[PDB]
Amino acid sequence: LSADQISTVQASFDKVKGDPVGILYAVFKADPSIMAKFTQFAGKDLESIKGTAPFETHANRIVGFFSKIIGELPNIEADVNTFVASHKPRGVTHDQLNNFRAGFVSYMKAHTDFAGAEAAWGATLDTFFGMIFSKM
């Protein structure tokens, strides 16, 4: 992960960072078992909660932290540590983490011309999920 790849990803992300709700929708849709961990959304229709105030609040927190991480590449260890501390006790699995990744990438492909940033994103996400999976 070097500066050329980091700048590519950060340019790519800048295009979509204003759509937290859409990104979170894509993740929940890829794996409903992620959605079922949120007491506020469990048992409701994703298509119906997507436009509500609670969904936006959550989406802003979650994608907001992801945004922190993308902004500081590659110096991400401390933030991954914080992530693991809050999420390890919620029992998040590797499967769910990989579905988060899949949902995100699906979002990016459906909303930008992704072909040009695809390798850089690969490097970034392999690094990020690489660190998480070494810790939980």
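All residue numbers refer to positions in the sequence shown, first residue = 1.
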- Query: Do the CA atoms of 46-54 or those of 76-84 have the higher mean B-factor in the entry?
  - Reply: 46-54
- Message: Regarding 107-115 and 94-102, which shows the higher C-alpha temperature factor on average in the entry?
- Response: 107-115
- Once the chain's modelled residues are ordered by C-alpha B factor and cut into thirds, is residue 12 in the lowest, middle or highest one? middle
- Check where residue 18 lands among this chain's C-alpha B-factors and tell me if it's the lowest, middle or highest third. highest
- Note on the structure: Temperature factor at the Cα of residue 36, chain-ranked in thirds, falls in the highest
- Compare the C-alpha B factor of residue 71 with those of the other modelled residues in its chain, then answer lowest, middle or highest third. middle
- Assert third(CA B-factor, residue 1) within chain per record equals highest
